[PDB]
Every structure is written in structure tokens, then in C-alpha cells.
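Before any questions on how it binds or moves, here is one chain, the form deposited in one PDB entry, in C-alpha cells.
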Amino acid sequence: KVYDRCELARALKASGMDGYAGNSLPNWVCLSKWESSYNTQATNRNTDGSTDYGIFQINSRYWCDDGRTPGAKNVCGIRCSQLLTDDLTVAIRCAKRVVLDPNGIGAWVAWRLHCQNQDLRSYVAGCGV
């Protein structure tokens, strides 16, 4: 599913993402926008054999099992195909687990690049959340 920006803001807010591990909601909408253009089915294969999955582009080397990634650890304990459903529950649970690591949301290159230190008010503007 390709989410509407505000539809996604509402689903993240309903799922407790607003302030999770200290990351306010605009952070999560900005990252989703630059990592997948709000498309839960986005996939991106990497030079290292790993693949990025879903709306949050979670990588198969450490968080999910796609069965074709060398030296994979599956910390979220899921199949990477569960990160591509229209229903965001498993993606949100795994993203929540990713930001508890020491690097926090800095784990996402798109966040470091386009959201870190920026005004992110536009990302939640007009969502009434």
C-alpha cells in the first residue's frame, strides 16, 4: 500500500510512535517519506547481498530473515515479507526494536541525510494530529 502522508501520520500516532524512545512523530513521517515514498512494498537490494524492506526500509542483514542474506541475524525475529504488508503492525514493532539500539533513529541513512536538524513541521501539517 502507498500511504497518504496524513494517513500514515495517524497510523503512527495510533501505534505509539509519537515520542517512541524520544523520537517525535514528524521524525517518523520524514524518514518514511525519503526511505520509501510511503510505499509498504518498497524493496531495495544492496551491494552486500542485503535488502531493505518496507515503508521504513529495514535491512535484512540484522533485523529480518529473507533467506538470501549472508551473515544475517534476524533480531526482530520475523520474515522480511511481513514488512511489506498494507497493515503496519509488524513493521512498527520492528522499527521500535531498531531505535532501542545505541544509534537510535541515526540508524536510518535517510533520516541522517534529510530529516536530522531540519524543520519537520511540514511533515505533519494539515493532519490534525
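The first residue of the shown sequence is 1; numbering continues from there.
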query: Stretch with the greater mean C-alpha B-factor as recorded in the entry, comparing 69 to 77 against 33 to 41; finding: 69 to 77
query: 4 to 12 or 118 to 126, whichever carries the higher mean Cα B-factor; finding: 118 to 126
query: Lowest, middle or highest third - CA B-factor, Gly104; finding: middle
query: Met17 by Cα B-factor - lowest, middle or highest third of the modelled chain; finding: middle
query: CA B-factor placement of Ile92, once the chain's modelled residues are sorted into thirds; finding: highest
query: CA B-factor placement of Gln82, once the chain's modelled residues are sorted into thirds; finding: lowest
query: B-factor third for the C-alpha atom of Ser60 within its chain; finding: middle
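One more form of this protein, deposited with a small molecule bound, exists but is not displayed; see below.
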{"query": "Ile58: touches the small molecule in the deposited bound form, heavy atom cutoff 4.5 angstroms", "finding": "yes"}
{"query": "Heavy atom of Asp87 within 4.5 Å of the small molecule in the deposited bound form", "finding": "no"}
{"query": "Interface membership of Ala107, the small molecule in the deposited bound form, 4.5 Å heavy atom rule", "finding": "yes"}
{"query": "4.5 angstroms heavy atom contact with the small molecule in the deposited bound form for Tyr38", "finding": "no"}
